[PDB]
Every structure is written in structure tokens, then in C-alpha cells.
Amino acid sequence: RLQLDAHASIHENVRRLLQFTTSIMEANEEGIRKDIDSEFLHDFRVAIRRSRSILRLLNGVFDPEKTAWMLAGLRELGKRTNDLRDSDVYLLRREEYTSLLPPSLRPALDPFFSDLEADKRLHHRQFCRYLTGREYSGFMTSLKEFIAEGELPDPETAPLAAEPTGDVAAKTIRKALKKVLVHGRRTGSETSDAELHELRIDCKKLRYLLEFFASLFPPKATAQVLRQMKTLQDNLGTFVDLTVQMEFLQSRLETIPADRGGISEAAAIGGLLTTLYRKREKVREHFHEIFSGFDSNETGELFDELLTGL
């Protein structure tokens, strides 16, 4: 569980989050090494992404060099997971991708999935060697030691550290919400890829803050605010998910062997690109109605209820 102290410094409460996320990371290491399921690496990656996002949003809680160090180490750790995560995600989409194609184009996906399987085993081997290596080991020891340091840092170099948690929460949640509503209002009928990609990140940052600060508020207010968000984050999530999938298939299309075997594969990958592009235009077409619903009296009300008297 993540239980925050309502009256503690934001320093104490961020250290609690990092104890929590590093414990999740260590608790998922066995399942990753034994390759039980994709969810072990997913939870490992979410722990990292959550930690980095709060460290950036609450910049000034730790000394600049310690912050830069934590961000750089967690970024490196996340980058080390990417190839293995990609293998899992695309192997998991095998039946979905197969079911989009005409019967005539499916046999060309067999070698494609066989190759992803071989790349998974390689990527799994590489990540396990990195996990049991001394660079990972030393960083996690140091990170664990640092977040066990209760001393407030120099206020002049870490001016947010000594601040009351409730006020930082109020301030950062309202800022994150405003950034979502303003960027969302600015997106006219053009509804560009750049516009939606930014807005997904904005929504992610707000959801991370809400989830971190949850235990400060009456649990009903937090659940309702998280719910009020869900359709917008789902829509942006799906739009970006489909974008990343098409970038992957597009890049594979560029490196396909220039031979008869490659022709067949190119036809199947063109099938998936075409189908996914069509899906993503439906998701784009739904954005404005979904944002309009979120940009309401009810949203403002639920946020005022969440943050009452802070």
C-alpha cells in the first residue's frame, strides 16, 4: 500500500513513493527473470515511469544533482526494458493482427511472429544479464540508501522539500488540470498528432499526481475524479498506442527483405497499417465530444470537492 502522512513534508512523502516504486520494481524481478508473464515487466516499467514523472513534476523536493542522478538512472533502467517490452506487446497482438487480414495474407505473418519470438528470447537473455550485473545492483543499492536519508536537504538548493504535502498537492494538481483544459481548448478541428500526443502526457501527469496524493483526500472524491478522466485518457491512450504501432510497422516495412518472401510480408504489414490507420481516425473523430464532456461544470465541482480547504 501507499499511505501518505497528511501533515509531513513533501520530502517525506516523495521518499515514501520512491520506497514503494523501488519495492514494486524489486518484487517484479523474479517473474521477469523466470518470464512468467508480460505483466511483471509492465508493472516494473509503470513503477519507473511513475517515479520519473513525480520527480519531474515535484522538481525542488531534492537537491538538483540527486534529482538529475535519480532521473538519469531511472531513464537508463527504462530504456533497458524497451526491446523486451516491445517483443511481449507485438507477440500478444498476434491473434488481433492475424484476424484483421484476409486468409490469403496471414501465412506471411507466421515468419514475422517466429522472428519476434527469437527476438524475445535474445532480449530476455540481455535484460536478465543486466538485472544480475553490478551497474543495476549498485544503482538500486544507492537509490535505496538515498531515499532512506530523512535529513531535509539545503532549503536554498531544494526549496520545495520542507513544504506541507497538502499545499504542494493542491498546487500541482490544479496546475496539471489547467494544462489539460487549456491545451485541450486550444486544439480546434485540426486535431493534430502533436496536439493529442502532448495532451496524453498532460493527462498522464495529472493521473500520476492524483494517484500519488490519493490518501490525502476522502477516497470517494479521488475515485470520482479518476473516473471523470478515464474516457479522455483511454481515447488519448488508444490514439498514441495506434500511432506507436504504425511507427513500428512502418519501420519494419522499410527493412523488409527485397525478395519474393518480403513481397508477401509487405502485403500483410500494409494490411495492418491500413486497418490501424482507419481505427485511429475513428478514435481521433471521437476526441472533441470526449474532451467537451470532461471540460464541464461537473469536472470543476469534483476537483473543488477533492482539494477543499488546502
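Don't overthink the numbering: it's just position in the shown sequence, from 1.
If you average the Cα B factors in the entry, which is higher, 220 to 228 or 188 to 196? Higher mean C-alpha B-factor in the PDB entry: 188 to 196.
Stretch with the greater mean C-alpha B-factor as recorded in the entry, comparing 179 to 187 against 86 to 94: According to the entry, 179 to 187 carries the higher average C-alpha B-factor.
Using only the C-alpha B-factors in the record, can you name which of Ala27, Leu242, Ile269, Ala47 has the highest? The listed residue with the largest C-alpha B-factor is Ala27.
Among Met70, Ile36, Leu273, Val61, where is the Cα temperature factor highest, going by the PDB entry? Highest CA B-factor of the listed options: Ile36.
Relative C-alpha B-factor of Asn235, binned into the chain's lowest, middle or highest third: According to the entry, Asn235 has a C-alpha B-factor in the chain's lowest third.
Record-listed C-alpha B factor of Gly133: chain third: Highest third of the chain for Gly133's C-alpha B-factor.
Quick check on the deposited entry: does the C-alpha B-factor of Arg15 sit in the lowest, middle or highest third of its chain? Answer is lowest: the recorded C-alpha B-factor places it there.
Modelled-residue ranking by C-alpha temperature factor, third containing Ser142: Its C-alpha B-factor belongs to the lowest third of this chain's values.
Based on the entry's values, in what third of the chain does the Cα temperature factor of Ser215 lie: lowest, middle or highest? For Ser215, whose C-alpha B-factor we compare with every modelled residue in the chain, the answer is the middle third.
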